[PDB]
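For reference, the chain that follows is the form deposited without the named molecule, supplied as structure tokens.
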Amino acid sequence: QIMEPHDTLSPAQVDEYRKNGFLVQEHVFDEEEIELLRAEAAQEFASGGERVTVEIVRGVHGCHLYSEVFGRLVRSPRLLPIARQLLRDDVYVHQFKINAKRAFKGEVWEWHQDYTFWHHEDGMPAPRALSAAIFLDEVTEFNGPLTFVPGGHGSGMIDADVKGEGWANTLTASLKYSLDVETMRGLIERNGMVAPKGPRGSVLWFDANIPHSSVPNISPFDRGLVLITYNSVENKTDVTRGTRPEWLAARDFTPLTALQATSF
């Protein structure tokens, strides 16, 4: 049995990713594959316990450590070779989350950079990491797409106001590190905003330091995203500065290997 040989991004793709900070590949996974991921996301929302964030189950963290399906997904040949290619290293999963934005539901998600959280909370030393967002549903103008500042990752970490204490979490409406109204204005005047769209089964790759935000879903269709954050193994987090649980910030830095086509 055969896996399709690893496909990597073209040089134009790589260049677009590094310039803009994000890149969509359409139609990576087929409907049947997406349906398998959807059904498993539903199981994780049902069994995740403390790993679920409620709106009303709305998000779940760490599923690749608990679900065999999601454990295999992160090693997929459609994903792993590209993470390796863009991070120019072997890689591992720093964080896994599923964000479900149901039809006619959702809240505003404030402007934030993932790297701010991972640097300050988990001891990630550089922004040599990225997220792959699998589209469980078509992403449109109206179902609360992730919205970015293109090129906004290009000046690094932007100073934020520290709010709560204890375990930060980008999935909770009042973000521990959010971006200054004045800093956003300047970034946005210079660079614009873009909400990448695409069909069910696409993958949206985006930089650890890209500013992003989102709005509620006013459409009658769901917007499910499975988000896999790959980190460079050289860039492994400093587990001595972090104290989040493993399901928020991984501590096993073993390099991932690609799934092969076996008889089961």
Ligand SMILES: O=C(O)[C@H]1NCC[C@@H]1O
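The first residue of the shown sequence is 1; numbering continues from there. Throughout, rigid core stands for the largest set of C-alpha atoms superposing within 1.5 Å between the two forms. Residues that one form lacks are left out of the comparison.
J.: Do any residues of the deposited sequence lie unmodelled between residue 55 and residue 56, and which range holds their number: none, 1 to 3, 4 to 9, or 10 or more?
T.: Going from residue 55 to residue 56, the model skips 4 to 9 residues of the deposited sequence.
J.: Should the higher mean CA B-factor in the entry be assigned to 172 to 180 or to 122 to 130?
T.: Comparing 172 to 180 with 122 to 130, the higher average CA B-factor belongs to 172 to 180.
J.: Between 238 to 246 and 16 to 24, which has the higher average C-alpha B-factor in the PDB entry?
T.: Of 16 to 24 and 238 to 246, the stretch with the higher C-alpha B-factor average is 238 to 246.
J.: Would you mind checking which of 138, 141, 159, 89 has the top Cα temperature factor in the PDB entry?
T.: Of the options given, 159 has the highest CA B-factor in the PDB entry.
J.: Kindly indicate the residue among 85, 116, 155, 95 with the greatest C-alpha B-factor in the PDB record.
T.: When the deposited C-alpha B-factors of 85, 116, 155, 95 are compared, 155 is largest.
J.: Give the position of residue 30 by CA B-factor within its chain, expressed as the lowest, middle or highest third.
T.: For residue 30, the deposited C-alpha B-factor lands in the middle third.
J.: Can you tell me whether residue 99 has a C-alpha B-factor in the lowest, middle or highest third compared with the other modelled residues of the same chain?
T.: Answer is middle: the recorded C-alpha B-factor places it there.
J.: Going by the recorded CA B-factors, say which third of the chain residue 46 sits in, lowest, middle or highest.
T.: Residue 46: CA B-factor falls in the highest third of its chain.
J.: Against its chain's modelled residues, does residue 80's Cα B factor rank lowest, middle or highest third?
T.: It belongs to the lowest third of the chain when residues are ordered by C-alpha B-factor.
J.: Which third, lowest, middle or highest, does the CA B-factor of residue 72 fall in along this chain?
T.: Lowest third - that is where residue 72 ends up once the chain's C-alpha B-factors are sorted.
Below, we refer to the form solved in complex with the named molecule, which is not included among the displayed structures.
J.: Site status for the named molecule after superposition of its pose in the deposited bound form: open, or blocked by 3 or more ligand atoms within 2.4 Å of backbone or C-beta atoms?
T.: The site is blocked here, because the named molecule, transferred from its pose in the deposited bound form, has 3 or more atoms within 2.4 Å of backbone or C-beta atoms.
J.: Consider residue 158 of the chain shown here, and say whether it contacts the named molecule in the deposited bound form, taking contact as heavy atoms within 4.5 Å.
T.: Judged by the heavy-atom cut-off of 4.5 Å, residue 158 is well away from the named molecule in the deposited bound form.
J.: Examine residue 153 and determine whether its closest non-hydrogen atom to the named molecule in the deposited bound form is within 4.5 angstroms.
T.: So residue 153 does not count as contacting the named molecule.
J.: Is the gap between residue 78 and the named molecule in the deposited bound form 4.5 Å or less for some heavy atom pair?
T.: Answer no; every heavy atom of residue 78 is more than 4.5 Å from the named molecule in the deposited bound form.
J.: Is there a heavy atom of residue 184 no more than 4.5 Å from a heavy atom of the named molecule in the deposited bound form?
T.: Although the named molecule is absent here, residue 184 would stay clear of it in the deposited bound form, with no heavy atoms inside 4.5 Å.
J.: Using a 4.5 Å heavy atom cut-off, which of 158 to 166, 186 to 194, 81 to 89, 112 to 120 contacts the named molecule in the deposited bound form?
T.: Stretch with heavy atoms near the partner: 112 to 120.
J.: In the deposited bound form, does each residue in the set 72, 132 and 231 place a non-hydrogen atom within 4.5 angstroms of the named molecule?
T.: Not one of the three qualifies.
J.: What residues in 143 to 181 sit within 4.5 Å of the named molecule in the deposited bound form, counting heavy atoms only?
T.: If the 4.5 Å heavy-atom criterion is applied to the named molecule in the deposited bound form, 143 to 181 yields 170, 175.
J.: With the two forms aligned on their rigid core, point out which item of 113, 170, 99, 131 shifts its C-alpha by 2 Å or more between this form and the one not shown.
T.: Shifted by 2 Å or more: 170 only.
J.: Assuming the CA distance changes by 3 angstroms or more, are residue 124 and residue 169 closer together or farther apart in the deposited bound form compared with the shown structure?
T.: Result: farther.
J.: Taking the shown form as the reference, report whether the CA atoms of residue 169 and residue 247 lie closer or farther apart in the deposited bound form; the distance changes by 3 angstroms or more.
T.: Relative to the shown form, the pair is farther apart.
J.: Taking the rigid core as fixed, pick out the runs of 3 or more consecutive residues whose CA atoms all shift by at least 2 Å between this form and the one not shown, and give them in sequence order.
T.: After core superposition, the one displaced run is 168 to 171.
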